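Please note: Cβ atoms are built from the backbone with ideal geometry, for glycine as well, and neighbour counts cover all protein chains shown. What follows is calculated from the coordinates using simple rules that are stated; it is not laboratory data.
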């Protein structure tokens, strides 16, 4: 689960960033 | 300007969608903040009514004249 | 496999959407 959580966290960063960047 | 506005609108759609789609993937929502805020409007209106009712039977000279000032 | 399938499904949705949205 940790690798998935990390990848989804990398995603979360990218995405949260886009949701503050595209935003 | 219209072509730019349209492209940026296509973008806006895509992006707003992603900001609701990637956001869906991330279980996120902006509207929730407003929902909580609306409940707070109700808190405000509720409390306000009571002041109105109070004042209507008392007057400002009374209201101000009854406040505590005692301090050891 | 189910978590991978779900993530790739979230992707599939996003992507199919883009393949109908970008499209």
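If you stretched the chain out fully between residue B:38 and residue B:54, how much longer would it get, using 0.36 nm times the residue separation minus the C-alpha to C-alpha distance?
Details: separation 16, 0.36 × 16 = 5.76 nm, distance 2.52 nm.
My answer for the length gained is 3.2 nm.
Efficiency by 1/(1 + (r/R0)^6): what FRET value for residue C:16 and residue A:6, r their Cβ-Cβ distance, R0 = 22 Å, to the nearest 0.05?
Details: r = 26 Å, r/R0 = 1.18.
Plugging the Cβ-Cβ distance into 1/(1 + (r/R0)^6) gives 0.25.
Write down Rg/Rh for the protein assembly as shown, rounded to two decimals, with Rg from the C-alpha atoms and Rh from the Kirkwood relation over Cα pairs.
On the way: Rg = 26.1 Å, Rh = 19.4 Å.
Rg/Rh: 1.34.
Calculate for chain B the 222 nm mean residue ellipticity that helices alone would give, adding -39,500 (n - 2.57) per DSSP H run of length 4 or more and normalising by residue count, nearest 500 deg cm²/dmol.
Numbers: 4 runs with 52 residues, N = 72.
Calculated at 222 nm, the ellipticity per residue is -23000 deg cm²/dmol.
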Open item on the list: To test your reading of the geometry: what angle, between 0 and 90 degrees and rounded to tens, separates the Cα axis of helix B:2-18 from the longest principal axis of chain B?
Closed with: 70
